[PDB]
$ cat data.cif   # mmCIF, C-alpha atoms
data_coords
loop_
_atom_site.group_PDB
_atom_site.id
_atom_site.type_symbol
_atom_site.label_atom_id
_atom_site.label_comp_id
_atom_site.auth_asym_id
_atom_site.auth_seq_id
_atom_site.Cartn_x
_atom_site.Cartn_y
_atom_site.Cartn_z
ATOM 1 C CA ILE S 312 -31.071 40.446 -4.612
ATOM 2 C CA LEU S 313 -31.194 37.457 -6.906
ATOM 3 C CA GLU S 314 -27.787 39.044 -7.202
ATOM 4 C CA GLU S 315 -27.145 37.382 -3.843
ATOM 5 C CA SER S 316 -28.840 34.212 -5.133
ATOM 6 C CA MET S 317 -27.525 34.086 -8.686
ATOM 7 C CA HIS S 318 -24.122 34.982 -7.358
ATOM 8 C CA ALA S 319 -24.350 32.358 -4.556
ATOM 9 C CA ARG S 320 -25.044 29.819 -7.290
ATOM 10 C CA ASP S 321 -22.081 30.752 -9.487
ATOM 11 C CA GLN S 322 -20.021 30.528 -6.298
ATOM 12 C CA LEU S 323 -21.243 27.069 -5.284
ATOM 13 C CA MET S 324 -21.008 25.825 -8.855
ATOM 14 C CA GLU S 325 -17.323 26.387 -9.311
ATOM 15 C CA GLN S 326 -16.828 25.366 -5.696
ATOM 16 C CA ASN S 327 -18.426 22.025 -6.531
ATOM 17 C CA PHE S 328 -16.401 21.568 -9.683
ATOM 18 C CA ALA S 329 -13.217 22.105 -7.696
ATOM 19 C CA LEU S 330 -14.197 19.624 -5.014
ATOM 20 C CA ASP S 331 -15.156 16.974 -7.523
ATOM 21 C CA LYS S 332 -11.925 17.392 -9.544
ATOM 22 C CA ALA S 333 -9.786 17.314 -6.419
ATOM 23 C CA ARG S 334 -11.500 14.065 -5.390
ATOM 24 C CA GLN S 335 -11.171 12.383 -8.828
ATOM 25 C CA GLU S 336 -7.480 13.249 -8.948
ATOM 26 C CA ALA S 337 -6.869 11.684 -5.512
ATOM 27 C CA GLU S 338 -8.774 8.629 -6.635
ATOM 28 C CA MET S 339 -6.702 8.249 -9.811
ATOM 29 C CA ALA S 340 -3.420 8.779 -7.947
ATOM 30 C CA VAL S 341 -4.401 6.037 -5.444
ATOM 31 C CA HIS S 342 -5.410 3.722 -8.333
ATOM 32 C CA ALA S 343 -2.091 4.333 -10.172
ATOM 33 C CA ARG S 344 -0.162 3.515 -6.970
ATOM 34 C CA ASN S 345 -2.238 0.468 -6.315
ATOM 35 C CA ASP S 346 -1.627 -0.735 -9.899
ATOM 36 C CA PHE S 347 2.153 -0.683 -9.470
ATOM 37 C CA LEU S 348 1.900 -2.194 -6.042
ATOM 38 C CA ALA S 349 -0.043 -5.096 -7.457
ATOM 39 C CA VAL S 350 2.184 -5.458 -10.535
ATOM 40 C CA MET S 351 5.296 -5.731 -8.345
ATOM 41 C CA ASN S 352 3.724 -8.215 -5.911
ATOM 42 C CA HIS S 353 4.832 -11.363 -7.802
ATOM 43 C CA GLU S 354 8.445 -10.214 -7.806
ATOM 44 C CA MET S 355 8.191 -9.684 -4.058
ATOM 45 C CA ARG S 356 6.587 -12.949 -3.239
ATOM 46 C CA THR S 357 8.555 -15.232 -5.588
ATOM 47 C CA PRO S 358 11.981 -14.792 -3.958
ATOM 48 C CA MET S 359 10.327 -15.337 -0.603
ATOM 49 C CA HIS S 360 8.881 -18.579 -1.892
ATOM 50 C CA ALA S 361 12.403 -19.542 -3.012
ATOM 51 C CA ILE S 362 13.769 -18.798 0.479
ATOM 52 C CA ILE S 363 10.987 -20.955 2.008
ATOM 53 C CA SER S 364 11.736 -23.774 -0.422
ATOM 54 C CA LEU S 365 15.514 -23.667 0.014
ATOM 55 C CA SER S 366 15.259 -23.380 3.839
ATOM 56 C CA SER S 367 12.866 -26.325 3.919
ATOM 57 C CA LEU S 368 15.228 -28.409 1.840
ATOM 58 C CA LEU S 369 18.170 -27.431 3.980
ATOM 59 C CA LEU S 370 16.317 -28.804 7.040
ATOM 60 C CA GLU S 371 16.421 -32.193 5.308
ATOM 61 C CA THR S 372 20.234 -32.078 5.119
ATOM 62 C CA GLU S 373 22.888 -32.752 7.766
ATOM 63 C CA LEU S 374 22.983 -29.709 10.008
ATOM 64 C CA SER S 375 24.483 -28.956 13.389
ATOM 65 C CA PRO S 376 21.966 -27.952 16.071
ATOM 66 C CA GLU S 377 23.093 -24.315 15.726
ATOM 67 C CA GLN S 378 22.678 -24.363 11.908
ATOM 68 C CA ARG S 379 19.264 -26.051 12.216
ATOM 69 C CA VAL S 380 17.949 -23.562 14.665
ATOM 70 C CA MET S 381 19.110 -20.617 12.515
ATOM 71 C CA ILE S 382 17.517 -22.126 9.405
ATOM 72 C CA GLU S 383 14.252 -22.846 11.240
ATOM 73 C CA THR S 384 14.239 -19.135 12.073
ATOM 74 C CA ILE S 385 14.851 -18.170 8.443
ATOM 75 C CA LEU S 386 11.937 -20.371 7.527
ATOM 76 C CA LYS S 387 9.377 -19.004 10.070
ATOM 77 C CA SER S 388 10.495 -15.448 9.105
ATOM 78 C CA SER S 389 10.132 -16.061 5.436
ATOM 79 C CA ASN S 390 6.702 -17.507 5.947
ATOM 80 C CA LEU S 391 5.698 -14.429 7.967
ATOM 81 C CA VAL S 392 7.094 -12.104 5.259
ATOM 82 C CA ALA S 393 5.180 -14.015 2.523
ATOM 83 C CA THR S 394 1.927 -13.559 4.459
ATOM 84 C CA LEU S 395 2.525 -9.836 4.834
ATOM 85 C CA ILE S 396 3.263 -9.503 1.053
ATOM 86 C CA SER S 397 -0.131 -11.125 0.554
ATOM 87 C CA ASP S 398 -1.726 -8.555 2.891
ATOM 88 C CA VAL S 399 -0.013 -5.900 0.722
ATOM 89 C CA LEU S 400 -1.678 -7.405 -2.386
ATOM 90 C CA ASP S 401 -5.026 -7.234 -0.553
ATOM 91 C CA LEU S 402 -4.467 -3.544 0.254
ATOM 92 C CA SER S 403 -3.783 -2.803 -3.410
ATOM 93 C CA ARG S 404 -7.124 -4.381 -4.255
ATOM 94 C CA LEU S 405 -9.212 -2.504 -1.687
ATOM 95 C CA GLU S 406 -10.644 0.185 -4.004
ATOM 96 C CA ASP S 407 -11.471 -2.387 -6.685
ATOM 97 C CA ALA C 307 -44.587 34.972 -13.493
ATOM 98 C CA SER C 308 -44.856 35.742 -9.788
ATOM 99 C CA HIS C 309 -42.094 37.452 -7.827
ATOM 100 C CA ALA C 310 -42.305 34.413 -5.557
ATOM 101 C CA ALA C 311 -41.964 31.876 -8.420
ATOM 102 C CA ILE C 312 -38.955 33.662 -9.872
ATOM 103 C CA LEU C 313 -37.263 33.609 -6.480
ATOM 104 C CA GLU C 314 -38.347 30.017 -5.974
ATOM 105 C CA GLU C 315 -36.631 29.076 -9.201
ATOM 106 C CA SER C 316 -33.329 30.756 -8.284
ATOM 107 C CA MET C 317 -33.333 29.727 -4.625
ATOM 108 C CA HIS C 318 -34.105 26.197 -5.656
ATOM 109 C CA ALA C 319 -31.049 25.991 -7.880
ATOM 110 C CA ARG C 320 -29.012 27.497 -5.153
ATOM 111 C CA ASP C 321 -30.325 24.794 -2.711
ATOM 112 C CA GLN C 322 -29.609 21.978 -5.156
ATOM 113 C CA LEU C 323 -26.031 23.260 -5.484
ATOM 114 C CA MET C 324 -25.646 23.621 -1.714
ATOM 115 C CA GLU C 325 -26.827 20.069 -1.132
ATOM 116 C CA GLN C 326 -24.346 18.780 -3.687
ATOM 117 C CA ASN C 327 -21.644 20.954 -2.050
ATOM 118 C CA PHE C 328 -22.316 19.328 1.324
ATOM 119 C CA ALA C 329 -22.187 15.874 -0.277
ATOM 120 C CA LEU C 330 -18.962 16.671 -2.154
ATOM 121 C CA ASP C 331 -17.367 18.085 0.954
ATOM 122 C CA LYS C 332 -18.352 15.062 3.034
ATOM 123 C CA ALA C 333 -16.866 12.806 0.319
ATOM 124 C CA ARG C 334 -13.668 14.876 0.386
ATOM 125 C CA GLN C 335 -13.248 14.450 4.112
ATOM 126 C CA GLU C 336 -13.851 10.738 3.674
ATOM 127 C CA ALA C 337 -11.293 10.472 0.867
ATOM 128 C CA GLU C 338 -8.650 12.293 2.928
ATOM 129 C CA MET C 339 -9.247 9.897 5.790
ATOM 130 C CA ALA C 340 -9.034 6.865 3.404
ATOM 131 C CA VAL C 341 -5.808 8.162 1.855
ATOM 132 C CA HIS C 342 -4.232 8.675 5.338
ATOM 133 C CA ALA C 343 -5.342 5.283 6.558
ATOM 134 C CA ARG C 344 -3.833 3.661 3.472
ATOM 135 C CA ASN C 345 -0.551 5.492 3.967
ATOM 136 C CA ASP C 346 -0.493 4.317 7.593
ATOM 137 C CA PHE C 347 -1.057 0.723 6.592
ATOM 138 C CA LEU C 348 1.807 0.881 4.086
ATOM 139 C CA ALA C 349 4.111 2.423 6.727
ATOM 140 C CA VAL C 350 3.142 -0.266 9.232
ATOM 141 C CA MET C 351 3.595 -3.111 6.679
ATOM 142 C CA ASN C 352 7.022 -1.726 5.872
ATOM 143 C CA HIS C 353 7.916 -1.667 9.541
ATOM 144 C CA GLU C 354 6.578 -5.200 10.125
ATOM 145 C CA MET C 355 8.524 -6.673 7.184
ATOM 146 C CA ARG C 356 11.764 -4.979 8.052
ATOM 147 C CA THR C 357 12.526 -6.956 11.146
ATOM 148 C CA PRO C 358 12.154 -10.512 9.679
ATOM 149 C CA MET C 359 14.022 -9.496 6.474
ATOM 150 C CA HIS C 360 16.947 -8.281 8.544
ATOM 151 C CA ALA C 361 16.831 -11.548 10.464
ATOM 152 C CA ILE C 362 16.949 -13.536 7.235
ATOM 153 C CA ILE C 363 19.788 -11.469 5.861
ATOM 154 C CA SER C 364 21.719 -11.621 9.107
ATOM 155 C CA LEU C 365 21.291 -15.400 9.708
ATOM 156 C CA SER C 366 22.154 -16.355 6.158
ATOM 157 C CA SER C 367 25.316 -14.218 6.403
ATOM 158 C CA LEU C 368 26.254 -15.846 9.718
ATOM 159 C CA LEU C 369 25.577 -19.253 8.315
ATOM 160 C CA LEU C 370 28.084 -18.597 5.507
ATOM 161 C CA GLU C 371 30.796 -18.246 8.143
ATOM 162 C CA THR C 372 30.179 -21.824 9.377
ATOM 163 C CA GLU C 373 31.124 -25.233 7.953
ATOM 164 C CA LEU C 374 28.899 -26.076 4.992
ATOM 165 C CA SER C 375 28.862 -28.665 2.192
ATOM 166 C CA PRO C 376 29.265 -27.007 -1.268
ATOM 167 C CA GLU C 377 25.621 -27.631 -2.000
ATOM 168 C CA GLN C 378 24.523 -26.063 1.306
ATOM 169 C CA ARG C 379 26.682 -23.013 0.684
ATOM 170 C CA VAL C 380 25.147 -22.394 -2.763
ATOM 171 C CA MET C 381 21.629 -22.714 -1.267
ATOM 172 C CA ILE C 382 22.432 -20.316 1.581
ATOM 173 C CA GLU C 383 24.244 -17.795 -0.666
ATOM 174 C CA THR C 384 21.078 -17.855 -2.827
ATOM 175 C CA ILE C 385 19.006 -17.131 0.256
ATOM 176 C CA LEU C 386 21.156 -14.178 1.164
ATOM 177 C CA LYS C 387 21.126 -12.618 -2.335
ATOM 178 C CA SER C 388 17.420 -13.189 -2.636
ATOM 179 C CA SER C 389 16.655 -11.741 0.745
ATOM 180 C CA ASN C 390 18.825 -8.666 -0.005
ATOM 181 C CA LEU C 391 17.018 -8.139 -3.307
ATOM 182 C CA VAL C 392 13.596 -8.490 -1.818
ATOM 183 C CA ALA C 393 14.192 -6.398 1.301
ATOM 184 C CA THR C 394 15.121 -3.466 -0.939
ATOM 185 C CA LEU C 395 12.304 -4.067 -3.443
ATOM 186 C CA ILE C 396 9.687 -4.148 -0.678
ATOM 187 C CA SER C 397 10.921 -1.008 0.958
ATOM 188 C CA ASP C 398 11.175 0.864 -2.349
ATOM 189 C CA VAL C 399 7.791 -0.112 -3.638
ATOM 190 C CA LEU C 400 5.955 0.513 -0.366
ATOM 191 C CA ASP C 401 7.571 3.983 -0.321
ATOM 192 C CA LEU C 402 6.615 4.783 -3.882
ATOM 193 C CA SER C 403 3.047 3.630 -3.145
ATOM 194 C CA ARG C 404 2.316 6.326 -0.560
ATOM 195 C CA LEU C 405 0.307 9.326 -1.616
ATOM 196 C CA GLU C 406 1.499 12.628 -0.233
#
$ encode --input "data.cif" --output "structure tokens"
Amino acid sequence: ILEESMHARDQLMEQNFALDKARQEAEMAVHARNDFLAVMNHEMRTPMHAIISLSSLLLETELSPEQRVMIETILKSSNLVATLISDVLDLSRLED
Amino acid sequence: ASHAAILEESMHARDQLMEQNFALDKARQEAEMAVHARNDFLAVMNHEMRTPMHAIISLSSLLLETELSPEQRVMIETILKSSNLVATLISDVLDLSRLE
């Protein structure tokens, strides 16, 4: 009955190989996705920085109360979005 | 070479494999959970960014209907184009970054 044993081994051994391969593949797929995520992060944040800069400058110019209030909203929003893009960068770095 | 020793040798190998199997299977369950949690975070980020981008797009568009100096209009048109570009980039890249 080492036919049970020797066969149980063969059975575990390929079972293990499958599990390990399946895990490594998931890992590499997550890493590839994280790489692109991180590579695109500058192109996401930079326009937001421009919007923050331009909004801030606009607040220095002659605005009506309605324009000013709208532009203050653009600015707080843009700042929020920039923070979140930074949290996205952090995510992409988690498995590092 | 005892009958016991021979068995010991085979059962041992079997037990070493079984232990590794348990470890590999635990690590699989963990990796599935980490993949799902990462997908959820990307979905949530996308959702959280969508509202303020739409605000920026919408307010810059409304602003362009009001009375602006030429310099102000160029700055606000640049805001609108930039915000359109980025809203789409963020959504596309977060989508592509999920693992299904």
$ residues_around --input "data.cif" --residues "stretch 325-329 of chain S" --least-positions-apart "3" --cutoff "8 Å" --atoms "all atoms listed in the file" --output "ChimeraX atom specification"
/S:321-322,332-333 /C:323,326-327,330
$ write_last_selection --input "data.cif" --atoms "C-alpha atoms" --output "compact mmCIF listing (two decimals), in the frame of the given file"
# COMPACT_ATOMS: atom_id res chain seq x y z
CA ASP S 321 -22.08 30.75 -9.49
CA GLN S 322 -20.02 30.53 -6.30
CA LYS S 332 -11.92 17.39 -9.54
CA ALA S 333 -9.79 17.31 -6.42
CA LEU C 323 -26.03 23.26 -5.48
CA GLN C 326 -24.35 18.78 -3.69
CA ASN C 327 -21.64 20.95 -2.05
CA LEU C 330 -18.96 16.67 -2.15
$ resolve_selection --input "data.cif" --expression "the PyMOL selection byres ((chain S) within 6 of (chain C))" --output "list in words"
residues 320, 327, 344, 355, 358, 362, 385, 388 and 392 of chain S
$ write_last_selection --input "data.cif" --atoms "C-alpha atoms" --output "PDB file, keeping the file's coordinate frame"
ATOM      1  CA  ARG S 320     -25.044  29.819  -7.290  1.00  0.00           C
ATOM      2  CA  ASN S 327     -18.426  22.025  -6.531  1.00  0.00           C
ATOM      3  CA  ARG S 344      -0.162   3.515  -6.970  1.00  0.00           C
ATOM      4  CA  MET S 355       8.191  -9.684  -4.058  1.00  0.00           C
ATOM      5  CA  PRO S 358      11.981 -14.792  -3.958  1.00  0.00           C
ATOM      6  CA  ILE S 362      13.769 -18.798   0.479  1.00  0.00           C
ATOM      7  CA  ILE S 385      14.851 -18.170   8.443  1.00  0.00           C
ATOM      8  CA  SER S 388      10.495 -15.448   9.105  1.00  0.00           C
ATOM      9  CA  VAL S 392       7.094 -12.104   5.259  1.00  0.00           C
TER      10      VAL S 392
END
$ resolve_selection --input "data.cif" --expression "the PyMOL selection byres ((chain S and resi 366) around 10)" --output "PyMOL selection string"
(chain S and resi 360-365+367-371+379+381-387+389) or (chain C and resi 378+381-382+385)
$ axis_aligned_box --input "data.cif" --around "stretch 348-351 of chain S" --padding-each-side "5 Å" --output "AutoDock Vina command-line options"
--center_x 2.6 --center_y -4.0 --center_z -8.3 --size_x 15.3 --size_y 13.5 --size_z 14.5
$ atom_distance --input "data.cif" --atom1 "atom CA of residue C:367" --atom2 "atom CA of residue S:348"
29.1 Å
$ atom_distance --input "data.cif" --atom1 "atom CA of residue S:342" --atom2 "atom CA of residue S:406"
7.7 Å
$ atom_distance --input "data.cif" --atom1 "atom CA of residue S:335" --atom2 "atom CA of residue S:400"
22.9 Å
$ closest_residue --input "data.cif" --among "S:398, S:377, S:407, S:336" --to "residue S:352" --atoms "only C-alpha atoms"
S:398
